[PDB]
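Read the single chain below, which is given as C-alpha cells and is the form deposited in one PDB entry.
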C-alpha cells in the first residue's frame, strides 16, 4: 500500500529533497550583473517557440525571494535542496576574461548559508542548460571543444567559492535533453536542427558534454576533493523502455537499443570509456571517437549518478541523417487500446510507477553504479485557469504519483540498488521551458497573478508529515 509509504520505510541516512534550476526559478535575468544565457536569447528572439511567448526574465523571482524559498524549505522539513548555478550569473561572459561577478557569487553564498542555517543540505548542479550567450556567440558553445576548458574554469570557480559548504556537486543535468532538443528537434535553445544538422550536431554536442563533465570531475578529484571532502556526480534523463510485445526477441532488442540511445549514450562512456555498441553500429562515422586519454578520464568519472524519471513507453523495431532515425525504433503508447499509463496534465507524461523501479534495476545491472540518487521525479497538474487556489492546491494526482514512485524506489532498494536519496521535481511551479508557465510541476503552488505568492499543495504537506526528520 503505497499511500502508507514514509521515512520509516527507508534507512536512517536516506536523503529526501526537492529541486529547481536557475533559469526556471531565479528571474533577475539582467539584475545583479548576470549576463545572458542561450535561453534568454532563444525566448526573446523566438518567442513563438514558447507556449504563451513568455520567458525567464522574472520567472518566479527566487533571485529576490530566496529567503522565502528557504523558509518554505524549512517548513517542508526535508533534508536537502537541489538547485543549479547560472554560469552567466557568476561569469557574465562565460570565460574568466568576461569578468567575475561578485554579486552573483554573493547571491549563491546567501542561498547556501540560508540553507545550512536551516539544516538543509545543498545539492548543486553546475550546468542546467543555461549556456552563456557569450560562449555560444564566440565559438558555438557545446559545438566546440573550447567549451571544455571554459566549463572547467567555471567549475573551479564554483568549487573555490562554495565547496567549503557544498559537498554534493553535479556537473550536468540531463545532457541528453540539452543535446537532443537543442540540436536534433530544435525545440529548445539554441534551437537548431529542425542551420543545424540533426544527424551530426547532437553527437558533437554530447561528445563535448561528456568531455566537459570528465574534465570537471578530474579537476574536482585532483584539486578540491582532498581539502573539501565532497562528492561529485551527474544527473541523466531517463524514460523506461518496455518491449511492445514481451515475447518478441526483436521488441526486446529495440527497447534495449532505445535505452542505449538515451541513457547508454552518456552511461557507457563513464563506465568503459566508450559509446554503446548499438550506437557505434547505427551511427557509424558520425559518432566521434574518444582518444585513449579521454577514455581513461571518462571511465569511473563520478562519485554518484543521479537519475531523472517521469514516464515510460513501449518500443518496437523501426520499419538525410537524423539522431532520431538512427535509434531505429518506433515508440508505442498502447497495447490493444490500453495506454502504458494515464496522462498527467501533459499528453507525453504517462504515469507508470514501476518504470522507476525498472530504470533503477537496469542502471545497476548494466552500468554497475555503486551509489545512485533519484535527482528528479514528479508530475504536472492539468491546465485550468478556472480554479481558485483552494481547488488548485488539492493535487491528488501528484500525491498518488509521488507515493507510488517513492514506493517503487523502495522496491528497487529491496532488489539491491544502492539508492541514497530522492528529490521531487519541483519545489515550485516554474518556467517549464517550451511549455512556458502553464505546466505546473511544483509541490508548492505559485500565484502568477500576485507576485508569485507560494502556497503549499496537499503533496507538500504529505511530504512534510510523512518524511520530516
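Positions refer to the first chain, counted from 1.
If you look for the form deposited with a small molecule bound, you will not find it shown, but the lines that follow are about it.
**Student:** Identify, from the list 128, 398, 207, 393, the residue with a heavy atom within 4.5 Å of the small molecule in the deposited bound form.
**Tutor:** Selected residue: 128.
**Student:** Which one, 81, 302, 176, 261, lies within 4.5 Å of the small molecule in the deposited bound form by heavy atoms?
**Tutor:** Result of the distance check: 176.
**Student:** Report whether all of 251, 316 and 358 sit within 4.5 Å of the small molecule in the deposited bound form, measuring from non-hydrogen atoms.
**Tutor:** No.
**Student:** Going by a heavy atom distance of 4.5 Å, is residue 123 a contact of the small molecule in the deposited bound form?
**Tutor:** No, residue 123 is distant from the partner.
**Student:** Does residue 160 reach the small molecule in the deposited bound form, with heavy atoms at most 4.5 Å apart?
**Tutor:** Looking in the deposited bound form, residue contacts with the small molecule do not include residue 160, since no heavy atom lies within 4.5 Å.
**Student:** In the deposited bound form, does residue 66 come within 4.5 Å of the small molecule, counting heavy atoms only?
**Tutor:** Result no; residue 66 lies far from the small molecule in the deposited bound form.
**Student:** Since only the chain is shown here, I'm wondering whether residue 422 would be in contact with the small molecule in the deposited bound form (any heavy atom pair within 4.5 Å).
**Tutor:** Answer no; every heavy atom of residue 422 is more than 4.5 Å from the small molecule in the deposited bound form.
**Student:** Where does the small molecule sit in the deposited bound form: which of 114-122, 335-343, 306-314, 212-220, heavy atoms within 4.5 Å?
**Tutor:** Among the candidates, contact is made by 306-314.
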